[PDB]
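What follows is a short report on a single structure.
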Number of protein chains: 4
Amino acid sequence: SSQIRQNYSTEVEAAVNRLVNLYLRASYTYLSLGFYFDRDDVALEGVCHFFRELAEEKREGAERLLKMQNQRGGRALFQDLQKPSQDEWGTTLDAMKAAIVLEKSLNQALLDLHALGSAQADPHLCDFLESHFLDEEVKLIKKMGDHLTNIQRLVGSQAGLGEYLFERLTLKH
Amino acid sequence: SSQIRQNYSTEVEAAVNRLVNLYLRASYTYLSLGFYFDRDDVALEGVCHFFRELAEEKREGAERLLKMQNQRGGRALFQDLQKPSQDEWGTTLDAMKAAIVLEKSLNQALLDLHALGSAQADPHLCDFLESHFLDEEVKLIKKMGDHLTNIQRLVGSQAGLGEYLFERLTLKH
Amino acid sequence: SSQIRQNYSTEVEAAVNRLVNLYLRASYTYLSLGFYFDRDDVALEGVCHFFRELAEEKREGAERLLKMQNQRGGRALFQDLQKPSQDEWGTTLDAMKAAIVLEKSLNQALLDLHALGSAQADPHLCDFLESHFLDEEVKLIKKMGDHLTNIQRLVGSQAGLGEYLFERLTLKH
Amino acid sequence: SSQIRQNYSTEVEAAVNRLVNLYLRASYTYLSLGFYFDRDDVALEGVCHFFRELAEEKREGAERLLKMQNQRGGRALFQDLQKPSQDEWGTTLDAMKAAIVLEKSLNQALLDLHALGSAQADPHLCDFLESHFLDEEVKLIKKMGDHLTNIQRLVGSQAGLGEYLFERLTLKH
């Protein structure tokens, strides 16, 4: 039941629902990452705040996709959200590597959906993805790559020292 | 060495580097145009300022392309910048004709790169070019065409008079 | 064609044109340096901003020289701008060493032109160079020497750590 | 009688007095030029104001020289001020040509005095001349050359029309 649907394929509708699941799973992963760094035996609050902000960003992305689904006359369908891949996330370096792997997976899912939009001649969809998602992914992944490089440079030698300094001097408070 | 590169072809990376060279060459051409109109034996300051503003715009375009190259994980490679095609630029009319030829050449290079982006299924690139470059080119070329028409209308008959009036009454101070 | 030229030798006019080329080449070199430090596998943004500011300063110096050329009745002549001497710039230390070598070369070119001005009894030229260029070079070179010393002190031992700390704690954001 | 004179030659003292006479004569010439353009049968007020401003500038230059003469312990000596070379100044073009000839003569007198300062190892004098006079002359002469070119471009054909337009659209009110 929709009186508005136009040029919106069932394939795209389904892929949008899958992307919502991916974004919510990413949000959940970042929630876990954030709280891990808030453990009293980890205690790197700049890292807590970095991942918590990302958890909010991914939730907002899911909600944007859902708003779009309804604007086009598609129907939201939700699936179980699988728990994050790890319970403990290791070092800041380990975490930032996991985060980049995650973002690349989201980016590829966006690219896949854009390709589907192109195949389906759905310019509203393809533009929607670029404006709210594809640009943001490129920016985020560059930031994460920058952070990885700085973390790596700081290892040495004296990993504890480097981990503290990165959190204090790069990450925001 | 990049930990971020995704869906960014070597072909696109190379074409972006070439486009940077084209934008810097255009900036250099406009620098020459601007100072020519500041000669005491030319002395058309509205024309100086018009071309100097364009020199800044083209430099900014090059820097935007370079920022994008790094955001995608490509590697900037710079080449020699060839000197402008002329040392003396003739009349305002001659100059404006040269400027339009230049802008059309930049526009075609942007269109060529967009086509490559399309062939390579690189929507981030294609959107980047449209947002920061393709729209601006259309606007600029329309402005230049408008100016050419006004300059042409003012020739007569009394070319000196017309050249002065255009600079005084159309171009900004 | 000039109705204004007075006490301005052909030798000085030519040397001013050469100096414009040197300043533009320096600007181009700093543009390359800046973007190298913005690479995701380098990621030292304080260093990016340091060199980008210098690129702007050198471009402004070229434009000042060109304005002066026209004020004196000389004629700007532009030459090809050779690409920077390197595509990759190594460490912050390597880069700062290259920058000092570059500035000393500009300074010597200014000194050479001042000497020519003196030989030609051209006090407007000699004063112009001192006011806008010679003072600024001394200040800049002292700053670079200061930075080199601080970078060198930070090597150790733990070069990665030192490189990060210099960028965080000395260079501006 | 002076208790302050140091490194200030009689040659320089005399040349400064001569330069005062030249500046006052220039001021007087511009006073005549200004009022000529205020004649009801000439009536080009932008031109009146242009020359009257120059009359003030030249008077101020004379006073600066006189202040300097006393600061150095030299003694002002005034001579008769010869009347301007013409009673009627022809067209704006004629006037602007006369003005440039006048400024070049002042500039050469400044250059001559700077050379004397150099020969006499009098750096206070040479710097004084550059700061307050040599820079200002270059700027003024460039402005006059610019105006001459614009006036010349406007002749045609229709000289009356061009003369009116220059006064209305270039000169200030």
Side-chain angles (χ1 to χ4, degrees), chain A residues 57 60-61 64-65 67-68 71 103 106-108 110-118 121-143 145, chain B residues 4-9 11-27 30 53-74 76 102-144, chain C residues 31 35 38 40 52:
Chain A
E57 292 183 16
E60 287 166 4
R64 200 171 299 260
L65 286 160
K67 185 170 190 163
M68 183 273 290
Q71 287 174 317
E103 291 304 323
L106 291 180
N107 199 215
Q108 188 56 240
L110 294 162
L111 291 169
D112 290 348
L113 182 55
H114 194 281
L116 180 59
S118 185
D122 190 344
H124 184 270
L125 186 270
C126 100
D127 171 69
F128 167 89
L129 292 174
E130 188 63 49
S131 184
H132 299 113
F133 295 87
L134 288 158
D135 301 339
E136 287 307 311
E137 282 306 305
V138 162
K139 287 189 264 210
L140 181 55
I141 293 167
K142 173 61 164 64
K143 180 169 286 303
Chain B
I4 69 177
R5 194 175 183 147
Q6 187 172 207
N7 193 220
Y8 195 63
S9 69
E11 287 88 357
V12 166
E13 173 183 20
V16 167
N17 283 150
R18 281 190 298 271
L19 195 58
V20 168
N21 192 85
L22 293 184
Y23 268 75
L24 293 175
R25 208 233 160 148
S27 184
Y30 288 129
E53 165 65 20
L54 288 178
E56 314 316 315
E57 292 183 16
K58 299 305 178 194
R59 185 200 36 91
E60 287 166 4
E63 290 158 1
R64 200 171 299 260
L65 286 160
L66 288 162
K67 185 170 190 163
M68 183 273 290
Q69 180 83 106
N70 277 347
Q71 287 174 317
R72 292 301 300 278
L102 180 52
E103 291 304 323
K104 288 174 165 177
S105 81
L106 291 180
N107 199 215
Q108 188 56 240
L110 294 162
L111 291 169
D112 290 348
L113 182 55
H114 194 281
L116 180 59
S118 185
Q120 291 290 335
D122 190 344
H124 184 270
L125 186 270
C126 100
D127 171 69
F128 167 89
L129 292 174
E130 188 63 49
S131 184
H132 299 113
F133 295 87
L134 288 158
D135 301 339
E136 287 307 311
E137 282 306 305
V138 162
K139 287 189 264 210
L140 181 55
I141 293 167
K142 173 61 164 64
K143 180 169 286 303
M144 290 182 172
Chain C
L31 182 71
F35 280 101
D38 177 56
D40 75 89
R52 286 285 306 277

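Only this structure's heavy atoms are used, side chains among them; waters, hydrogens and symmetry mates stay out. Proteins get letters first, then strands, A, B, ... in listed order; numbering begins at 1 in each.
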Quick one: are B:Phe128 and B:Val16 in side-chain contact, heavy atoms under 4.5 Å?
no
Output every pair passing salt bridge (charged side-chain N to carboxylate O under 4.0 Å, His left out) with a member in residues 114-130 of chain B, not counting sequence neighbours, ordered by first then second residue.
B:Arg72-B:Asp122
Run the side-chain hydrogen bond (donor to acceptor under 3.5 Å, both in side chains) test against A:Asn107 and tell me which residues pass, sequence neighbours left out.
B:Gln6
Checking B:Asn70 now: which residues fulfil side-chain hydrogen bond (donor to acceptor under 3.5 Å, both in side chains) with it, not counting sequence neighbours?
C:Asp38
Going by side-chain hydrogen bond (donor to acceptor under 3.5 Å, both in side chains), name the pairs with one or both residues in residues 17-27 of chain B, residues two or more places apart or in two chains.
B:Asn17-B:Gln69
Look up atom CG in A:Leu125 and atom CG in A:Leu116, then write down how far apart they are to the nearest 0.5 Å.
7.0 Å
Given side chains that start at C-beta, do those of C:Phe35 and B:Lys67 come closer than 4.5 Å, heavy atoms only?
yes
Salt bridge (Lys or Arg N to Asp or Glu O under 4.0 Å) partners for B:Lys143, two or more places apart:
none
Of all heavy-atom pairs linking B:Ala109 and B:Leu22, the shortest is CB-CD1, 3.6 Å
List the atom pairs, donor and acceptor, that lie under 3.5 Å between side-chain atoms in residues 53-64 of chain B and the rest of the protein, sequence neighbours left out.
{"unit_1": "B:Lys58", "atom_1": "NZ", "unit_2": "B:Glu103", "atom_2": "OE1", "d": "2.8"}
{"unit_1": "B:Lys58", "atom_1": "NZ", "unit_2": "B:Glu103", "atom_2": "OE2", "d": "3.3"}
{"unit_1": "B:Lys58", "atom_1": "NZ", "unit_2": "B:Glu137", "atom_2": "OE2", "d": "2.8"}
{"unit_1": "B:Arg59", "atom_1": "NH1", "unit_2": "B:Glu63", "atom_2": "OE1", "d": "2.9"}
{"unit_1": "B:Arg59", "atom_1": "NH1", "unit_2": "B:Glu63", "atom_2": "OE2", "d": "3.2"}
{"unit_1": "B:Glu63", "atom_1": "OE1", "unit_2": "C:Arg52", "atom_2": "NH2", "d": "3.3"}
{"unit_1": "B:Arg64", "atom_1": "NH1", "unit_2": "B:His132", "atom_2": "NE2", "d": "3.4"}

Is there a donor-acceptor pair under 3.5 Å between the side chain of B:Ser118 and the backbone N or O of B:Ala115?
no
Using the salt bridge (charged side-chain N to carboxylate O under 4.0 Å, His left out) rule, collect all pairs that involve residues 108-119 of chain B, keeping only residues at least two apart or in two chains.
none
Residues B:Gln120 and B:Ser9: closest non-hydrogen pair is OE1-CB, 3.6 Å
One should read off an interatomic distance between B:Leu24 CG and B:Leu19 CG, to the nearest 0.5 angstrom, of 10.0 Å
Name of the residue among A:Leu129, A:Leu134, A:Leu110 meeting side-chain contact (heavy atoms from CB on, under 4.5 Å) with B:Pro123:
A:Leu134
Looking only at non-hydrogen atoms, find the nearest pair between B:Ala15 and B:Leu113 and report the distance.
CB-CD1, 3.5 Å
Heavy-atom closest contact (B:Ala76 atom, B:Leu66 atom, distance)
CB-CD2, 3.7 Å
Can you tell me how far apart CZ (A:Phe133) and CG (A:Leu65) are? Round to the nearest 0.5 Å.
3.5 Å
